[PDB]
Amino acid sequence: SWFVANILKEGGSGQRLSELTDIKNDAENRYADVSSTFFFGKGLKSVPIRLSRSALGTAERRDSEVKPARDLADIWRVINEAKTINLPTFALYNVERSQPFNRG
Amino acid sequence: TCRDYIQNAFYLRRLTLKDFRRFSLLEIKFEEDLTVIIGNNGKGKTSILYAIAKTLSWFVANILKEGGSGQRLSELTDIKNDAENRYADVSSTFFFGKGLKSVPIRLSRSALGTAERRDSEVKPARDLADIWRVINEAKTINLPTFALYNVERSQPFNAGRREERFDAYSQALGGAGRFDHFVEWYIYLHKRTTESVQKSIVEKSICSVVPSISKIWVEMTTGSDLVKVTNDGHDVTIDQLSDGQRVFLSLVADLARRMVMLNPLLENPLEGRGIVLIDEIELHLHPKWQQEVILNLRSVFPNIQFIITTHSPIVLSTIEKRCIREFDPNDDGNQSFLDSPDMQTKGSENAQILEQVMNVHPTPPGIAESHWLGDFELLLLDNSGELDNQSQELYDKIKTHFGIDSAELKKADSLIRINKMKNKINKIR
RNA sequence: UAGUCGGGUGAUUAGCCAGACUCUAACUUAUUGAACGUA
DNA sequence: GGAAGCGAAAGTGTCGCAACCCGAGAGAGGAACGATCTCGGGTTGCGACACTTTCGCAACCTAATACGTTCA
């Protein structure tokens, strides 16, 4: 979601873990950390990200390291503006895609 | 400080719109008292009032809540579809007293996929609104009364969310006023009876601004409390009033209630400051009411700014030409300014205003008889200022159609007399 | 197969030789600070 | 640590829209007085949004230094 937000607009904002339903209840840290690393070739062989969130009520935030995502998405967006390029597709099809066919 | 020099005018000065809703670049100056926009039926003028309402929403958001983020522009509608810039800016300057004579604001919005996040610059307006909020919290201070009233106010007609101060800003912008909230608030005031003076102020307000209405009260019948007025001497309910009568009553009563809650420390809470936008002040009104709407509005609200659109010559006949802002009929060639009419309008003939300011002839051209009188003139001048068969027939037609006392017939008689005297003196000279 | 280590040619590329493969590289930060040089 | 502005995440409130009731009302169809069918106000339910709130991203760097590399 941060890739998507920062290709939509520089300085954008992406989705965030929850301080009510995303941190293990038995945990002693009282914060969750989704670290990740992407790859985009020899140039950017490692694109780290870390979506971290502390537990509601604990007086210790946990910053998120999305800056490399900001940087790579900045490249995508700026280069697309200057000249047209092909952007990366991001999708999530969970169980919610089952819904009645009700009738930007 | 005298409440931080607040209790000094408080109004809007300028509005720039760049690549925003067909406005390639349009700068508008606004008068401290009253500005009126004409030329369009309310397409670009609605855009102007909508932009001003978006700007005022930030003042409201920050006076209500600390850090409040008022309404933002929309990436989907509030950006000119054809703009190499690919962003839209709505800049606006304000003037608040001798100190802080220029409070700027910009609401910016860039399309999706642009390198720089073209961003609103609302810091100074937020700072002023925070000054308002803080000094009010420390000590009570009368606050601005922003409002908007579009054609949506023509709509048919909880103590916590109607009696508590700062409810005056709830849905204050966005269009149609909350007249149902006013009805409930007025019934609550009547139940309570400071509330007394507020009731009296609202009563006098809508009794004086609205010609038909002459009194207002509520009957406390057990099980149903009704709001009643004396419309043309008839004791009726609000549901009985005509469309124009009740629509204007709702406008004025919503505004007055907002000002009464916002301006508790004024001796006349109707003289508090604000910026009220009113699309089509002439809605559902008849010429006689048109000829007094603005006089009454300015009388009951001595110190307040009105940005009101209009398309009625009778309305303009009561407003100085400086206050008027003309859209050109060829606005497709986007223009950067709105020039005042060359002709003076205040105190002028409604017919002259209609003919020149709006380019509408005093008599319709679809009616053949409408041209008759004028034709007669030419015909008289064709035959050396003397009658012939054609002019005599035209005179007979005018006399038959318009009547014997007809102003047209009197003017035809004057024309023939003047031309005959012309010929007689030419012979004598 | 793939990645990887990096001996020469050619000139951060290309390209010829070797090789090895715990599920499993991703080359970093300057003026501090070590270490290299240089003066 | 965090400005300025913006948006995510979450929670609460608004408010159409529907469902349903409860009198009226012209008058079956033939037996008087009027079944049914409607016209309305009006109350309650009910969920889709609309607004309110908090969190959190990360600008900035009176006090350095100024041969070239490497490395935290």
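Chain identifiers are assigned alphabetically (A, B, ...) following the order of the sequence lines, protein sequences preceding nucleic acid strands; residue numbering begins at 1 within each chain. Atoms considered below: every heavy atom in the structure, side chains included; atoms not considered: hydrogens, waters and symmetry mates.
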Any chance you could lay out the side-chain hydrogen bond (donor to acceptor under 3.5 Å, both in side chains) test for B:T230 and B:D235, step after step, and finish with the verdict? CA-CA 5 Å; B:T230 305; B:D235 298 347; 3.3 Å; yes
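- In terms of position on DNA chain D, the residue among A:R53 and B:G67 whose nearest nucleotide sits closer to the 5' end is B:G67.
- For the strand neighbours D:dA59 and D:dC60, base stacking is present under the 5.5 Å centre-distance and 30-degree plane-angle rule.
- Here D:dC37 sits opposite D:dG25 as a true base pair, Watson-Crick or G-U wobble, both distances under 3.5 Å.
- Of the candidates D:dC57, D:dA4, D:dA9, D:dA9 carries the atom nearest the A:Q15 side chain, counting heavy atoms from C-beta on.
- A cation-pi arrangement, defined by a distance under 6.0 Å to the six-membered ring centre and an angle within 45 degrees of its axis, is present between B:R246 and B:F157.
- Closest-nucleotide positions on RNA chain C for A:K45 and A:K42 were compared, and the one nearer the 5' end corresponds to A:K42.
- The groove that B:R72 sits in is the major groove, judged by which base atoms lie under 5.0 angstrom from its side-chain heavy atoms.
- A canonical Watson-Crick pair (purine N1 to pyrimidine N3 plus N6-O4 or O6-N4) or a G-U wobble (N1-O2 and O6-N3), each contact under 3.5 Å, is absent between D:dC55 and D:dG1.
- Note: CH2 (A:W2) to P (D:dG7) measures 12 Å, nearest angstrom.
- Taken together, D:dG56 and D:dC6 meet the test for a Watson-Crick or G-U wobble pair: both N-N or N-O distances fall under 3.5 Å.
- Nucleic acid contact class of B:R106 (heavy atoms, under 4.0 Å, all strands): none.
- The bases D:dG5 and D:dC57 are paired, Watson-Crick or G-U wobble, with both atom distances under 3.5 Å.
- Distance check on atom P: C:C21 versus C:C5 gives 15 Å, rounded to whole Å.
- Stacking of the bases of C:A34 and C:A35 is indicated, with six-membered ring centres separated by less than 5.5 Å and ring planes inclined by less than 30°.
- Within 4.0 Å of B:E116, counting heavy atoms only, lies no atom of the nucleic acid at all.
- If you take atom P in C:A39 and the same atom in D:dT65, they sit 26 Å apart, rounded to whole Å.
- B:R126 comes within 4.0 angstrom of the backbone, heavy atoms only, and of no base.
- As judged by a 4.0 angstrom heavy-atom cut-off over every strand, B:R178 is placed among residues touching the sugar-phosphate backbone only.
- Within 4.0 Å (heavy atoms only), A:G14 reaches sugar-phosphate atoms of the nucleic acid but no base atom.
- Straight-line distance between the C1' atoms of C:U32 and C:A11: roughly 37 Å, to the nearest whole Å.
- Contact annotation for A:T37: no contact, since no heavy-atom pair falls under 4.0 Å across all strands.
- One interatomic measurement links the two molecules: CZ of A:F39 to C1' of C:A25, which rounds to 11 Å at whole-angstrom precision.
- Across the protein-nucleic acid pair, A:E10 atom CD and D:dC6 atom P stand 12 Å apart, rounded to whole Å.
- At least one side-chain nitrogen or oxygen of A:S64 sits closer than 4.0 Å to the OP1 or OP2 atom of D:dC57.
- Side-chain nitrogen and oxygen atoms of A:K67 include none within less than 4.0 Å of the OP1 or OP2 phosphate oxygen of D:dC57.
- With P as the reference atom, D:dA63 and C:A35 are 32 Å apart, rounded to whole Å.
- Residue order along DNA chain D, read from the 5' end via each residue's closest nucleotide, puts A:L20 first among B:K65 and A:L20.
- A heavy-atom distance below 4.5 Å is found between the side chains of B:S47 and B:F23.
- Nucleic acid contact for B:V122: sugar-phosphate only, since backbone atoms but no base atoms lie under 4.0 Å from a heavy atom of the residue.
- Remark: D:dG30 and D:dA31 are not stacked on each other (six-membered ring centres under 5.5 Å, interplanar angle under 30° not both met).
- Stacking status of C:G7 with C:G8: stacked, per the base-ring test of centres under 5.5 Å and planes under 30°.
- In a base pair of the Watson-Crick type (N1 to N3 plus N6-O4 or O6-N4) or a G-U wobble (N1-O2 and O6-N3), with each distance short of 3.5 Å, D:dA31 is matched with no nucleotide.
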